[PDB]
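What follows is a single chain, given as structure tokens, in the form deposited in one PDB entry.
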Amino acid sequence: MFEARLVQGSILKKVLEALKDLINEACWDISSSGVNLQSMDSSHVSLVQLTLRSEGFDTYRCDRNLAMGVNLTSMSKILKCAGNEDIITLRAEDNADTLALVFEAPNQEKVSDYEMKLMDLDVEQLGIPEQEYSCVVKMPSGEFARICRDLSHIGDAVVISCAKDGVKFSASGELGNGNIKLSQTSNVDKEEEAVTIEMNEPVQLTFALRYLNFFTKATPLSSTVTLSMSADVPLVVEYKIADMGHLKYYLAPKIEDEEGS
């Protein structure tokens, strides 16, 4: 039997809003360390993960290790029920296809319950390696969303160059080409607004661009995003909350193949 109680239920809605356009049904697993979502997207190009650990939830009660497959196309739209302050009770039974939800407003009068129908899932698990990344940058998520949305209309790919001066983005297309420069600011008292770097060697990479536009919908989840990358590795983008945990994406780079040669 599986019981969960959450009072900041808006973050789950933000998660489903961010992931509603990318994957149509994903995999969840529940353990004594919490809930994990480590899944491949529909086009089989890159890895996404939610880490909703045990003490992040307000009340957690799990009996055994389990895994379930929940379609996002129904649960994302039924989580549109809440506003910004409602609290959520979640139950997953042992051998029942129905998954139960209870929905309480903070007025201590309003109570709701819903039932979900589940389906089987057969998705291969891809191993999780921990590799060092040469360039780590930590910048506020608002400017990340703005820069991705503003390079969204240039072309279909983006070029990232991490150098001793700072970080540069670039894009090209029929209407034109444009690059963006971000330096480092170290005279601000807010860590959420501060950008910071650590570098080992300059990094040059090329990546998908509309797909980053698709994953820049998690901006209201966290105010700060950390990007880690190096040569010939997937780029890691993570949003970490001061209280809640981290949302992480591994993105594989472009093929970079010479069609003529």
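The first residue of the shown sequence is 1; numbering continues from there.
Quick note: we don't show the form deposited with a partner chain bound, though the next part is all about it.
- [ ] Evaluate residue 46 for contact with its partner chain in the deposited complex, applying a 4.5 angstroms cut-off between non-hydrogen atoms, and reply yes or no.
- [x] Residue-level check for residue 46: yes, a contact with its partner chain.
- [ ] Report whether the minimum heavy atom distance between residue 241 and its partner chain in the deposited complex is within 4.5 Å.
- [x] It does not: once its partner chain is placed as it appears in the deposited complex, residue 241 has no heavy atom within 4.5 Å of it.
Open item on the list: My question is simply whether residue 232 lines the interface with its partner chain in the deposited complex - judged by any non-hydrogen atom within 4.5 Å.
Closed with: Although its partner chain is absent here, residue 232 would touch it in the deposited complex, with heavy atoms inside 4.5 Å.
Open item on the list: Considering non-hydrogen atoms and a 4.5 Å limit, does its partner chain approach residue 253 in the deposited complex?
Closed with: Result yes; residue 253 sits at the interface with its partner chain in the deposited complex.
- [ ] Note which of 221, 40, 35, 62 lies within 4.5 Å of its partner chain in the deposited complex, where distance is taken over heavy atoms; exactly one does.
- [x] Partner contact (heavy atom, 4.5 Å) among the options: 40.
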